[PDB]
Amino acid sequence: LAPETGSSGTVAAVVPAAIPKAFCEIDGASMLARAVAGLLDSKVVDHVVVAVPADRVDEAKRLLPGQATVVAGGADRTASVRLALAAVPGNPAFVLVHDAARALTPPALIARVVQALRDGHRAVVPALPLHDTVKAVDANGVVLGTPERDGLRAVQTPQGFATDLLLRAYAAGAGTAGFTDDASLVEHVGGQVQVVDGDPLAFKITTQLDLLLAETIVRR
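Residues numbered from 1 in each chain as written, not as in the entry; some residues may be left out. Heavy atoms only, no water. Residues with missing side-chain atoms left out of burial classes, pairs and counts.

Looking at the entry header, you'll see X-ray crystallography listed as the method and 2.3500 Å as the resolution.

Undergrad: Got a minute to help me understand the packing of aromatic side chains in this structure?
TA: Two measures describe an aromatic ring pair: the distance that separates the ring centres and the angle between the ring planes. Counted according to the given criterion, the structure contains 0 aromatic pairs. Over the ring of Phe23 we find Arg56; its NZ or CZ atom is 4.0 Å from the centre of that ring. (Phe/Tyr/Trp six-rings, centres within 6.5 Å; stacked < 30°, edge-to-face > 60°. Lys NZ or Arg CZ within 6 Å of the ring centre and 35° of its normal.)

Undergrad: Sorry if this is basic, but what is going on with the layout of surface pockets here?
TA: If a probe the size of a water molecule is rolled over the atoms, the empty space left behind becomes visible. Empty space within the second largest pocket amounts to approximately 260 Å³. When contributions to the lining of the second largest pocket are tallied by element, the ones reaching two or more residues are β7 (123-129) and β10 (153-155). The class makeup of the residues in the lining of the second largest pocket is 7 nonpolar, 2 polar and 2 charged. (1 Å grid on protein atoms, 1.4 Å probe; cavity = no way out; pocket = protein on both sides within 12 Å on 5 of 7 lines; lining within 4 Å. Points joined across faces, edges and corners; volume = space filled by probe spheres on them. Helix = DSSP H or I, 4+ residues; strand = E, 2+ residues; numbered from the N terminus. Nonpolar A, V, L, I, M, F, W, Y, C, P; charged D, E, K, R; others polar.)

Undergrad: Could you clarify how one ought to interpret the environment of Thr146 in this entry?
TA: Relative to the assigned elements, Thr146 resides in the loop between β9 (143-145) and β10. On the accessibility criterion, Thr146 (43% relative accessible area) is partly exposed. For the pair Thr146 and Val57, spaced 89 residues apart in sequence, the C-alpha to C-alpha distance is 45 Å. Residues contacting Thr146, with those up to four places away along its chain left out, are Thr133, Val134 and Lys135. A distance of 2.9 Å separates the side chain of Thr146 from the side chain of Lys135, its partner in a polar contact. (Buried < 20%, exposed > 50% of the residue type's maximum accessible area, 1.4 Å probe, protein only. Contact = heavy atoms within 4.5 Å. Polar contact = N/O pair within 3.5 Å; in protein donor to acceptor, adjacent residues only side chain to side chain.)

Undergrad: Looking at this structure, how should I read the pairing of strand β6 (residues 94-97)?
TA: Remember that side chains alternate between the two faces of the sheet whenever the strand is regular. Residues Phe94 and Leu96 line one face of β6 and the alternating positions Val95 and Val97 line the opposite face, and both faces are buried. Sheet analysis places strand β1 (residues 11-16) next to β6, joined by 4 bridges and oriented parallel. Within the sheet, the bridge partner assigned to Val14 lies in β6 and is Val97. Here 4 bridges tie β6 to strand β11 (residues 159-162), and the two strands are oriented antiparallel to one another. Bridging across to β11, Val97 finds its partner in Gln159. (Pairing = 2+ DSSP bridges.)

See below:
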């Protein structure tokens, strides 16, 4: 890979959202818009690029905080991340990949991820202790085992990577990335991943119950 990779020392955040949930409105503003605003408001991200379907490109641009940029994304999601990066000036040292559905992610959480990268970690995810016991379970509902709960963490986003490390992980594992989170792909190529404290507010908004909570949090 090119020696120029990461040469600029900047931080790029990509929101691959390429549709529904990312565009659903929470008290007027889309999840995507709030997610981008969180990235900008961390004050530590130099470029925010969103990959959306073609037919939301113009709309995304008119409703997002002005400093963020929009590309039409790809199908293979890693393609969306690669396209977003070609639209980023220079050679960013770090790529943060952020789920649009974690719309209330606190700006300090995003900064913690970036601070751990600046401190020398090459792959960083935010995380929380589990609420529930987690069990291995077969397709028939038969319990196969119970890993130590205290040894497990629930992972959120943004996930942050040294750009070259993220690219190496994509070349090896992108053909499954829709079921795997980016940090998993990095682990598979030998990347060491560091956990920083997440935040309950960074929950992934999936169900009608989740949005009600998010709407309740914001109208307050």
